[PDB]
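Listed next as structure tokens is one chain, alone, in the form deposited in one PDB entry.
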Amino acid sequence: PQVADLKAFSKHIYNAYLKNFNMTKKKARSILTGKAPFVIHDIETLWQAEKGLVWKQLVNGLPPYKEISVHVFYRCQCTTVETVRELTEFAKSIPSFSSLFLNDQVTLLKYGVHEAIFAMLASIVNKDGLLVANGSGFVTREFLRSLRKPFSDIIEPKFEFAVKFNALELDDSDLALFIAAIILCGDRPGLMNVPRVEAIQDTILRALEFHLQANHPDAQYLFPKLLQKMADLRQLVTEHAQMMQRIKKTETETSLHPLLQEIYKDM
């Protein structure tokens, strides 16, 4: 009965995921393996791509131009905000989330979206770079390394996490549950109805446990491995937030999007 009810639960969350995210891991890995994106690996190809690739965010809508490293940061920032939007619609497509009072919904999103973003980011990452512009471009890890501090520093740790997370070989059906577990997290500060969020979280984690038994029958220790990845993401986001505070302090000409400011306001 428990195993049965949780199967239906997991399907409803997978459907919310397919409905709301712009790219699946299945799509992204098929592009990344060739089963072609324009490669951005230096200033000239960055320029050609801004001339020749279709970006969700028209380049004129980015903040005013400053320099190459900041331009790259602005595109990272636009994508981050776009993914907050998708995560919000994903969360709202989950009935037990939509039943929480709107203020707790905000609290969960505030402290959860970056963790979820960096987990999902892995889907479009390999050891050599990552997909951009809805898969029509590929930016190399080496080029991102070449940007000036503090912008190269805030990027490289995400690759390190991603290459390790991708070795677990989750598919989209696993990720939908994993992400749901990250957002529906009863530990976040200032939650109003904690026992309710704890109850939902535990349901998701039991559903995820059974899902991996069925979907990855020969993978050992995969559930506890993923719990530890949830702990790892928390530390990745702590470090991210600290790097953002230094960018705010030392790079005063760099615009920071007000929604992300609201997230960092008191972490």
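Shifts are known only where both forms have a C-alpha. Residue positions are given as counts along the sequence shown, with the first one as 1. Under this definition, the rigid core comprises the largest set of C-alpha atoms superposing within 1.5 Å between the forms.
In at least a third of the other compared PDB entries of this protein that cover both flanking sides, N60 is left without coordinates. Unmodelled residues of the deposited sequence between neighbouring positions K51 and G52 number none; the chain is continuous. Note on 97-105 vs 128-136: mean CA B-factor is higher in 97-105.
The PDB entry records a higher mean C-alpha B factor for 163-171 than for its counterpart among 163-171 and 79-87. The PDB entry assigns the greatest CA B-factor among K92, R188, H114, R141 to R188. When the Cα B-factors of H71, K158, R196, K110 are read from the PDB record, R196 comes out highest.
The deposited CA B-factor of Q245 belongs to the lowest third of values across its chain.
When the modelled residues of the chain are ordered by C-alpha B-factor, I179 sits in the lowest third. Among the modelled residues of its chain, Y14 has a C-alpha B-factor that falls in the middle third, as given in the PDB entry. Split the chain's modelled residues into thirds by C-alpha temperature factor. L259 is in the lowest one. Placement of the Cα temperature factor of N215 within the chain: highest third of the modelled residues, per the deposited record.
Although it is not shown, the form deposited in another entry is what the next lines describe.
Shown in the overlay between this form and the one not shown, fitted on the rigid core, is a CA shift at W47 smaller than 2 Å.
Remark: with the core as the superposition reference, the CA shift of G61 between this form and the one not shown reaches 2 Å or more. One change in the other form concerns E67 and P64, whose Cα atoms lie at least 3 Å closer than in this form. Annotation for the pair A119/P63: C-alpha atoms recede from each other in the other form, by 3 Å or more compared with this form. Taking residues common to both forms and aligning the rigid core, Cα displacements of 2 Å or more over three or more consecutive positions between this form and the one not shown occur in 54-65, 219-221.
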